[PDB]
file my_file_22.pdb (PDB, C-alpha atoms and all ligand atoms)
ATOM      1  CA  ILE A   1       7.658  36.366  56.379
ATOM      2  CA  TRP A   2      10.448  37.435  54.055
ATOM      3  CA  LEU A   3       8.335  37.226  50.940
ATOM      4  CA  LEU A   4       5.491  39.478  52.079
ATOM      5  CA  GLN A   5       7.993  41.920  53.553
ATOM      6  CA  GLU A   6      10.105  42.087  50.396
ATOM      7  CA  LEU A   7       7.041  42.889  48.286
ATOM      8  CA  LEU A   8       5.885  45.601  50.718
ATOM      9  CA  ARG A   9       9.362  47.092  50.709
ATOM     10  CA  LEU A  10       9.577  47.156  46.925
ATOM     11  CA  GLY A  11       6.200  48.874  46.777
ATOM     12  CA  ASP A  12       7.419  51.534  49.213
ATOM     13  CA  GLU A  13      10.567  52.058  47.125
ATOM     14  CA  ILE A  14       8.482  52.462  43.976
ATOM     15  CA  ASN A  15       6.222  54.863  45.859
ATOM     16  CA  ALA A  16       9.218  57.005  46.799
ATOM     17  CA  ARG A  17      10.496  56.976  43.215
ATOM     18  CA  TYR A  18       7.264  58.368  41.765
ATOM     19  CA  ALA A  19       6.558  60.720  44.668
ATOM     20  CA  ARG A  20       9.868  62.369  43.724
TER      21      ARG A  20
ATOM     22  CA  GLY B 171     -23.811  48.596  43.049
ATOM     23  CA  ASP B 172     -20.324  49.720  44.076
ATOM     24  CA  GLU B 173     -18.858  51.656  41.159
ATOM     25  CA  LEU B 174     -15.376  51.728  42.699
ATOM     26  CA  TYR B 175     -15.327  47.936  42.880
ATOM     27  CA  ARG B 176     -16.623  47.613  39.321
ATOM     28  CA  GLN B 177     -14.034  50.062  37.985
ATOM     29  CA  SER B 178     -11.184  48.476  39.955
ATOM     30  CA  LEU B 179     -12.154  45.013  38.737
ATOM     31  CA  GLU B 180     -12.260  46.152  35.114
ATOM     32  CA  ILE B 181      -8.791  47.712  35.285
ATOM     33  CA  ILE B 182      -7.112  44.930  37.267
ATOM     34  CA  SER B 183      -8.832  42.089  35.377
ATOM     35  CA  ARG B 184      -7.926  43.493  31.972
ATOM     36  CA  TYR B 185      -4.274  43.787  32.945
ATOM     37  CA  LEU B 186      -4.007  40.283  34.366
ATOM     38  CA  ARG B 187      -6.084  38.649  31.622
ATOM     39  CA  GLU B 188      -3.768  40.317  29.076
ATOM     40  CA  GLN B 189      -1.107  37.841  30.216
ATOM     41  CA  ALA B 190      -3.217  34.895  28.981
ATOM     42  CA  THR B 191      -4.305  34.001  25.445
ATOM     43  CA  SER B 202     -16.036  51.417  30.091
ATOM     44  CA  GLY B 203     -14.990  54.979  30.924
ATOM     45  CA  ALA B 204     -12.160  57.403  30.271
ATOM     46  CA  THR B 205     -10.691  56.941  33.747
ATOM     47  CA  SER B 206     -10.625  53.163  33.393
ATOM     48  CA  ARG B 207      -8.843  53.300  30.016
ATOM     49  CA  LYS B 208      -6.191  55.724  31.244
ATOM     50  CA  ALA B 209      -5.733  53.783  34.480
ATOM     51  CA  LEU B 210      -5.213  50.541  32.547
ATOM     52  CA  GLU B 211      -2.590  52.209  30.356
ATOM     53  CA  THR B 212      -0.848  53.613  33.455
ATOM     54  CA  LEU B 213      -1.030  50.284  35.276
ATOM     55  CA  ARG B 214       0.418  48.369  32.339
ATOM     56  CA  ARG B 215       3.164  50.958  31.753
ATOM     57  CA  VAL B 216       4.337  51.057  35.391
ATOM     58  CA  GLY B 217       3.594  47.414  36.144
ATOM     59  CA  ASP B 218       5.409  46.034  33.128
ATOM     60  CA  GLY B 219       8.376  48.224  34.061
ATOM     61  CA  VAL B 220       8.346  46.850  37.617
ATOM     62  CA  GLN B 221       8.338  43.290  36.255
ATOM     63  CA  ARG B 222      11.202  44.034  33.851
ATOM     64  CA  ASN B 223      13.384  45.694  36.494
ATOM     65  CA  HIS B 224      12.542  43.263  39.286
ATOM     66  CA  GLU B 225      12.478  39.972  37.414
ATOM     67  CA  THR B 226      15.000  38.186  39.670
ATOM     68  CA  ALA B 227      13.188  39.283  42.818
ATOM     69  CA  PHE B 228       9.798  38.346  41.387
ATOM     70  CA  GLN B 229      11.144  35.000  40.197
ATOM     71  CA  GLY B 230      12.421  34.259  43.700
ATOM     72  CA  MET B 231       9.071  35.149  45.217
ATOM     73  CA  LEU B 232       7.285  32.986  42.661
ATOM     74  CA  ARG B 233       9.673  30.134  43.398
ATOM     75  CA  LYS B 234       8.812  30.394  47.085
ATOM     76  CA  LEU B 235       5.113  30.145  46.188
ATOM     77  CA  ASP B 236       5.966  27.023  44.159
ATOM     78  CA  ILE B 237       2.755  27.113  42.148
ATOM     79  CA  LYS B 238       2.190  23.741  40.458
ATOM     80  CA  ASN B 239      -1.493  23.009  41.129
ATOM     81  CA  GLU B 240      -4.782  24.531  42.257
ATOM     82  CA  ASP B 241      -4.021  24.185  45.966
ATOM     83  CA  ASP B 242      -0.953  26.382  45.527
ATOM     84  CA  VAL B 243      -3.036  29.230  44.089
ATOM     85  CA  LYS B 244      -4.721  29.544  47.493
ATOM     86  CA  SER B 245      -1.417  30.720  48.984
ATOM     87  CA  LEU B 246      -1.337  33.630  46.572
ATOM     88  CA  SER B 247      -4.716  34.967  47.680
ATOM     89  CA  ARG B 248      -3.398  34.760  51.224
ATOM     90  CA  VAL B 249      -0.366  36.935  50.293
ATOM     91  CA  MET B 250      -2.672  39.601  48.857
ATOM     92  CA  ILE B 251      -4.794  39.604  51.978
ATOM     93  CA  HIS B 252      -1.637  39.772  54.073
ATOM     94  CA  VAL B 253      -0.217  42.862  52.291
ATOM     95  CA  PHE B 254      -3.449  44.854  52.018
ATOM     96  CA  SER B 255      -4.333  44.132  55.640
ATOM     97  CA  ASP B 256      -1.288  46.257  56.476
ATOM     98  CA  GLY B 257      -2.473  49.689  57.521
ATOM     99  CA  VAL B 258       0.350  51.196  55.481
ATOM    100  CA  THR B 259      -1.072  52.190  52.088
ATOM    101  CA  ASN B 260       0.383  53.941  49.080
ATOM    102  CA  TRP B 261       0.133  53.789  45.302
ATOM    103  CA  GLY B 262       3.568  52.194  44.981
ATOM    104  CA  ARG B 263       2.413  49.236  47.051
ATOM    105  CA  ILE B 264      -0.821  48.970  45.067
ATOM    106  CA  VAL B 265       0.907  49.018  41.674
ATOM    107  CA  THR B 266       3.631  46.611  42.833
ATOM    108  CA  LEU B 267       1.189  44.029  44.165
ATOM    109  CA  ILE B 268      -0.877  44.185  40.975
ATOM    110  CA  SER B 269       2.343  43.941  38.941
ATOM    111  CA  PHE B 270       3.295  40.811  40.875
ATOM    112  CA  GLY B 271      -0.196  39.505  40.199
ATOM    113  CA  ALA B 272       0.431  39.959  36.459
ATOM    114  CA  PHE B 273       3.805  38.230  36.805
ATOM    115  CA  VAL B 274       2.084  35.262  38.433
ATOM    116  CA  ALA B 275      -0.603  35.404  35.740
ATOM    117  CA  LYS B 276       2.125  34.853  33.126
ATOM    118  CA  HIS B 277       3.274  31.840  35.158
ATOM    119  CA  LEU B 278      -0.285  30.514  35.355
ATOM    120  CA  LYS B 279      -0.529  30.718  31.565
ATOM    121  CA  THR B 280       2.721  28.767  31.102
ATOM    122  CA  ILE B 281       1.556  25.940  33.424
ATOM    123  CA  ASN B 282      -1.846  25.667  31.661
ATOM    124  CA  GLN B 283      -3.765  27.221  34.561
ATOM    125  CA  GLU B 284      -5.224  30.171  32.659
ATOM    126  CA  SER B 285      -8.546  29.665  34.451
ATOM    127  CA  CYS B 286      -6.940  30.873  37.690
ATOM    128  CA  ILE B 287      -6.127  34.323  36.272
ATOM    129  CA  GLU B 288      -9.562  35.958  36.318
ATOM    130  CA  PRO B 289     -10.207  34.653  39.862
ATOM    131  CA  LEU B 290      -6.814  35.986  40.915
ATOM    132  CA  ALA B 291      -7.773  39.415  39.559
ATOM    133  CA  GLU B 292     -11.095  39.195  41.408
ATOM    134  CA  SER B 293      -9.346  38.275  44.663
ATOM    135  CA  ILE B 294      -6.878  41.148  44.314
ATOM    136  CA  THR B 295      -9.725  43.552  43.596
ATOM    137  CA  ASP B 296     -11.865  42.221  46.447
ATOM    138  CA  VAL B 297      -9.152  42.664  49.047
ATOM    139  CA  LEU B 298      -7.935  46.005  47.694
ATOM    140  CA  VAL B 299     -11.381  47.576  47.761
ATOM    141  CA  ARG B 300     -12.512  45.956  51.025
ATOM    142  CA  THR B 301      -9.398  47.067  52.912
ATOM    143  CA  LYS B 302      -8.475  50.344  51.185
ATOM    144  CA  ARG B 303     -11.774  51.864  49.976
ATOM    145  CA  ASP B 304     -11.489  54.955  52.152
ATOM    146  CA  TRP B 305      -7.839  55.544  51.238
ATOM    147  CA  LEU B 306      -8.599  55.067  47.553
ATOM    148  CA  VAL B 307     -11.425  57.612  47.568
ATOM    149  CA  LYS B 308      -9.361  60.097  49.596
ATOM    150  CA  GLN B 309      -6.675  59.751  46.929
ATOM    151  CA  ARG B 310      -9.200  60.491  44.138
ATOM    152  CA  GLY B 311      -9.526  56.833  43.114
ATOM    153  CA  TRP B 312      -8.221  55.765  39.767
ATOM    154  CA  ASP B 313      -7.920  59.359  38.575
ATOM    155  CA  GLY B 314      -5.504  59.832  41.469
ATOM    156  CA  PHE B 315      -3.618  56.711  40.402
ATOM    157  CA  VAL B 316      -3.219  58.109  36.884
ATOM    158  CA  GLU B 317      -2.044  61.460  38.247
ATOM    159  CA  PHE B 318       0.456  59.932  40.678
ATOM    160  CA  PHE B 319       2.223  57.948  37.950
ATOM    161  CA  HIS B 320       1.842  60.618  35.240
ATOM    162  CA  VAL B 321       4.834  61.299  32.989
TER     163      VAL B 321
HETATM  164 ZN    ZN A 401      -2.579  44.224  25.405
HETATM  165 ZN    ZN A 402      -7.399  28.020  39.961
END
call {"tool": "encode", "arguments": {"input": "my_file_22.pdb", "output": "structure tokens", "more": "lines below"}}
Ligand SMILES: [Zn+2]
Ligand SMILES: [Zn+2]
result
Amino acid sequence: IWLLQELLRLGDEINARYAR
Amino acid sequence: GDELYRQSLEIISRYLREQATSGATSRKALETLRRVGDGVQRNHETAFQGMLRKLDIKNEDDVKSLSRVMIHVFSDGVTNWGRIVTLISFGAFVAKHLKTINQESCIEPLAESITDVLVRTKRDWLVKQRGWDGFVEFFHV
């Protein structure tokens, strides 16, 4: 579980960075 | 015969195959994907290495697991461009690994699997977001 979830979370963090 | 699929495959395949040894939107999207994706790999190398270690890819059977990860992420109803670029970036990171273990022949199929799942699960979201033109705009400058 941790692996999938860590990737998803990174993607969301990158999304927030560029949506800024 | 599905232009969005064809375009997505061209962009994603070119990026992943670049780790081994046509329209305006596709060219710009490839440049954007490489620019952002290579940055993600550089800044997240330790994390990506740990994920790759968990996948423990040493043979053809292990490459199956990777297609299952892609399906798993894109099946999530949550969608955004950050997720899309990050998953493709991890795909390119694994493609580098595949090259180093002499499994270059897995790279094009990996790109096809990523493209298949992305378009099958997110087609409507992608079009609503203006497709690859929207991708270029989101990550612009
Ligand atoms: Zn190149
Ligand atoms: Zn293979």
call {"tool": "residues_near_ligand", "arguments": {"input": "my_file_22.pdb", "ligand": "ligand ZN 402 (chain A)", "cutoff": "12 Å", "atoms": "all atoms listed in the file", "output": "list in words"}}
result
residues 237, 238, 239, 240, 241, 242, 243, 244, 245, 246, 247, 275, 278, 279, 281, 282, 283, 284, 285, 286, 287, 288, 289, 290, 291, 292 and 293 of chain B
call {"tool": "closest_atom_pairs", "arguments": {"input": "my_file_22.pdb", "of": "chain B", "to": "chain A", "cutoff": "8 Å", "atoms": "all atoms listed in the file", "output": "tab-separated table"}}
result
residue	atom	partner	partner_atom	distance
B:231	CA	A:3	CA	6.1
B:234	CA	A:3	CA	7.9
B:249	CA	A:4	CA	6.6
B:252	CA	A:4	CA	7.4
B:253	CA	A:4	CA	6.6
B:260	CA	A:15	CA	6.7
B:261	CA	A:15	CA	6.2
B:262	CA	A:15	CA	3.9
B:263	CA	A:11	CA	3.8
B:264	CA	A:11	CA	7.2
B:265	CA	A:11	CA	7.4
B:266	CA	A:11	CA	5.2
B:267	CA	A:7	CA	7.2
B:318	CA	A:18	CA	7.1
B:319	CA	A:18	CA	6.3
call {"tool": "residues_near_ligand", "arguments": {"input": "my_file_22.pdb", "ligand": "ligand ZN 401 (chain A)", "cutoff": "12 Å", "atoms": "only C-alpha atoms and all ligand atoms", "output": "JSON, numbers by chain"}}
result
{"B": [183, 184, 185, 186, 187, 188, 189, 190, 191, 207, 210, 211, 213, 214, 215, 218]}
call {"tool": "atom_distance", "arguments": {"input": "my_file_22.pdb", "atom1": "atom CA of residue B:258", "atom2": "atom CA of residue B:307"}}
result
15.6 Å
call {"tool": "atom_distance", "arguments": {"input": "my_file_22.pdb", "atom1": "atom CA of residue B:205", "atom2": "atom CA of residue B:312"}}
result
6.6 Å
call {"tool": "atom_distance", "arguments": {"input": "my_file_22.pdb", "atom1": "atom CA of residue B:232", "atom2": "atom CA of residue B:273"}}
result
8.6 Å
